[PDB]
Structures are given as C-alpha cells and as structure tokens.
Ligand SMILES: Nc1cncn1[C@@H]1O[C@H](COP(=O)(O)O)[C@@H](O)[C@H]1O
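One chain comes next, on its own, written out as structure tokens in the form solved without the ligand.
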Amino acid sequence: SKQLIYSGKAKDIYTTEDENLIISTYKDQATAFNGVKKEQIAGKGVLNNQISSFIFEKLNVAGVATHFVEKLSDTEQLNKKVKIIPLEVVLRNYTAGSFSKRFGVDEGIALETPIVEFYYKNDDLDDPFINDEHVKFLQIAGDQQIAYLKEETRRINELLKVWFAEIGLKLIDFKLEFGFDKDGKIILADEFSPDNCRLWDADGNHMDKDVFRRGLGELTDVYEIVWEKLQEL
C-alpha cells in the first residue's frame, strides 16, 4: 500500500518507501490508434507484465541498463524510478503501419540498416513525429544525448531481434522510452510487450497489438502464444 503518481492507458504507477523506487501495475485497458477507442480485455495486464518482466531481465543479463528490479506480482513489477524523456524512440526493421503510410509502400519490406524515429511523447500534440533539431528546440536533449538514444536502441534491436528469431518471430519494429535515474544517467524504462512492438509470424501472422486495431482476432490469444514461445529461452 502506497501512493498513485500517474494513471496511464496501460499502467498505473505507485510509490514505495524508497524515493528512487516505483511499483508498476499493468492494467487490462486496451486502446486503439491515437483516437483512443477504449476496450478493457482480460488477462492482458498479466501477459504484458510477464513478457515485459522477462525481456527486461534478459536485457539486464545482457548488460543493458534498465529500470527493472523484479516482477513482484501477476499485475505488478518493481522498477527504478526515472525522470521520463518525453521522446518515444521507434526503431524499424521492416516497413509497416505509419512508415508504410508515410511512404505509400507495403508492409513486410525489409530494411538494412534499420531506421530510428523520435516522436514527442505528448498526448495533446498527438505524439507527433519529430527530428533531431525539434528535440533540441524542445530541450529534451542535446547532441551526445540524441546520439546515445540511437546507439543503444540499435544495440537493443540487435539483442532483441536475435531472441525473437530463435522463437520464430521477426522483430518488425519497436518503441522505447528512456529516462534519468536518481544518479542522472539514461536508462531503458517503460515496458517491452507486444503492445509497443510488432511481431510477425514466419507466415505473416501478427503476434502483436495489430490484432486489436486491424481486428484479426482476440488479443490475449496471440499474447498467450508469445508468452509461451518466450519461455523457450
């Protein structure tokens, strides 16, 4: 029992007795594209929290610095409290969704090298896509910081891509958040579940949130499958 700091779409965050620490609670809320149509869909919190807890641990073992300490419940994990960088970092391995739209090209076209993209994490501005100078202007981060957010998201792609391969899933794209820990450094934060990455079955089957949005099945099912596959590592 402690205090609710922020209330999200997928997560409520609570405090502890340790200033630097925060327990994250994964909700059953699902919400579609920016025009937030809202459905609450059972089990989702637990899968997300499992998957995220797993990958994050795997990262930590691989020496990626992150906010993960321990999965504490079905529903909760304990995280190092960081000051969030309002900059969603998207790395793309394959064309899909908004890249496809922007460039009027199909989804499934491989890239090599992979492209990163910043978006201003500002719900009111509809999380707009931005460039390096816009970030500087925004005073989120200067140079050296911009080049760090790239350089580590790529390293993160390289680990993650290999792992999903080994369980027969192609890492199409994902989306990070980073923030500052009590010591000022930058640190992978938030969560890495099927909600914030794309996952393609070797047969093009979507093992991710595109099931809720495009509407190609029931969500917990594909998530269940991904969770099942991950414990093959």
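Residue numbers here begin at 1 and follow the sequence given. Residues that one form lacks are left out of the comparison. The term rigid core refers to the maximal set of C-alpha atoms that superpose within 1.5 Å between the two forms.
One more form of this protein, solved in complex with the ligand, exists but is not displayed; see below.
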query: Residue (of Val135, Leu149, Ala96, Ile156) lying close to the ligand in the deposited complex, criterion heavy atoms within 4.5 Å; finding: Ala96
query: Heavy atom within 4.5 Å of the ligand in the deposited complex - the one residue of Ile55, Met207, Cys197, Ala30 that qualifies; finding: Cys197
query: Per-stretch contact check against the ligand in the deposited complex, the hit in 83 to 91, 136 to 144, 158 to 166, 108 to 116 (non-hydrogen atom, 4.5 angstroms); finding: 83 to 91
query: Partner proximity in the deposited complex: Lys170 to the ligand, non-hydrogen atom cutoff 4.5 Å; finding: no
query: Shared-residue segments moving between the shown form and the other one, Cα shift 2 Å or more over 3+ consecutive positions, core-fitted; finding: 34 to 36
